[PDB]
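Presented below is the structure to which this report refers.
Here, each number is a calculation from the coordinates, and none is a lab measurement. Cβ: placed from backbone, ideal geometry, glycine included. Neighbour counts: every protein chain shown.
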Amino acid sequence: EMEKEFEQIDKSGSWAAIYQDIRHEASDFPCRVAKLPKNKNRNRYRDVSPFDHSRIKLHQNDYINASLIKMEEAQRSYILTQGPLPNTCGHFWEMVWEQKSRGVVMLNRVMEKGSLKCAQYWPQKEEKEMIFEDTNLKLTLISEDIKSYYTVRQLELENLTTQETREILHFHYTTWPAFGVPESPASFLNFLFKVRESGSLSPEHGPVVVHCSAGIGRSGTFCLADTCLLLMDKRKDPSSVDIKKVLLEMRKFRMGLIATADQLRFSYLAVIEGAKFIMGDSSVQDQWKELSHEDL
Amino acid sequence: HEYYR
């Protein structure tokens, strides 16, 4: 089916050739706001910026390194953003608020092979809530479900102005290395379906916010798999979804999505395995959970 | 460094 094209590329060993092609064919749009001097300290990497046409605007300086990926045919939107900086934690939650997101998926760790990939932007203790005074927000850990390779936290975001509050679900994947891949499709798809079940992806909410270190590599992998599985179901045809065309479509909205040839391969592996659920084998989901060893 | 490379 689609399992054809994968068995082929694996034998001929041409994954990097495929990946290099996407880099060549990918959109290239202006990033002028991101390159302004006043925004130098709001970008974590000098070669990773949001396109002007799809960048999120704070309702304030309105700049944040984050992009709205609006997949029209899949009928889902995501916001991909960089791991917040010490100075952009208030902007990040300002964004989450103004865009009405319900979920945040974080695929990196704050500490990653000695390198600091992210600021501690959410509170780790119920009793020590965070207050972001530049954006007038207050953030409180309410509860947390810790699993072997990921943690779900429940948070309360308070708009200190209006005093309204919202519940935000934080899904933190802790065993996904930079420029690397998850341990197995089951552990990934189990994670993805956890996020799906929470309702955080439902369209009555704003786009889910997805980030890693740069918001392009692991974040790209997570969003491509989810969208491919969405198109599988909508089109009602597994072997109809062409991962390459989908990834290029996502790259109209943010540069550099999917960071290694292996991450692209895993993307195929995950969509192929995920089709079992889409085709009707609704019970493969329980298989993924047991395979993922999420307990202890 | 501070390049994604």
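What shape does region A:78-231 take by its C-alpha gyration tensor, where a ≥ b ≥ c are the square roots of the eigenvalues and a/c under 1.5 counts as rounded, a/b above b/c as prolate, and the rest as oblate?
prolate
Along Cα→Cβ, 7 Å out, is where each label goes; now give me the distance between the ones at A:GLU127 and A:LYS100 in nm to one decimal.
Once both label points are built, they end up 3.8 nm from each other.
As an exercise, use a Förster radius of 30 Å and the Cβ-Cβ distance of A:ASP242 and A:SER282 to find the FRET efficiency, rounded to the nearest 0.05.
In this case the efficiency is close to 0.75.
Only bridges whose two residues both fall in chain A count here: according to DSSP, what percent of them are antiparallel, nearest 5?
Taking every DSSP beta bridge within chain A, about 75 percent pair in antiparallel fashion.
Using 16 Å as the cut-off for backbone N distance, which residues of region A:103-138 belong to the label zone defined by a point 7 Å from the Cα of A:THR174 along Cα→Cβ?
Residues passing the 16 Å test: A:106-113, A:120-126.
Among residues other than A:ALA66 whose Cβ falls under 15 Å from its Cβ, what is the net charge (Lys/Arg +1, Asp/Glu -1)?
+3
How far, in nm, would the chain grow between A:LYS57 and A:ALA17 when pulled straight, counting 0.36 nm per residue and subtracting the alpha carbon separation?
The A:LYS57-A:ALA17 span can extend by a further 10.8 nm.
Compute the signed sum of charges (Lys and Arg +1, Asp and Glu -1) over the other residues within less than 11 Å, Cβ to Cβ, of A:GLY206.
Computed value for this residue: +1.
What ratio of Cα Rg to 2.2 N^0.38 Å holds for the protein assembly as shown?
With N residues counted in the protein assembly as shown, Rg over 2.2 N^0.38 Å equals 0.97.
Could you tell me how far the Cα centroid of region A:139-215 sits from the Cα centroid of region A:23-102, in Å?
For region A:23-102 versus region A:139-215, the Cα centre distance is 18 Å.
Taking H placed 1.01 Å from N in the peptide plane, check which residues at least 5 places from A:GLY215 or on another chain put their amide H under 5 Å from its amide H.
Close amide H contacts, sequence-distant or interchain: A:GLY83.
If I model a spin label as a point 7 Å beyond the Cα along the Cα-Cβ vector, how far apart are those points for A:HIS293 and A:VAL110 in nm?
Result for the modelled spin labels: 2.6 nm.
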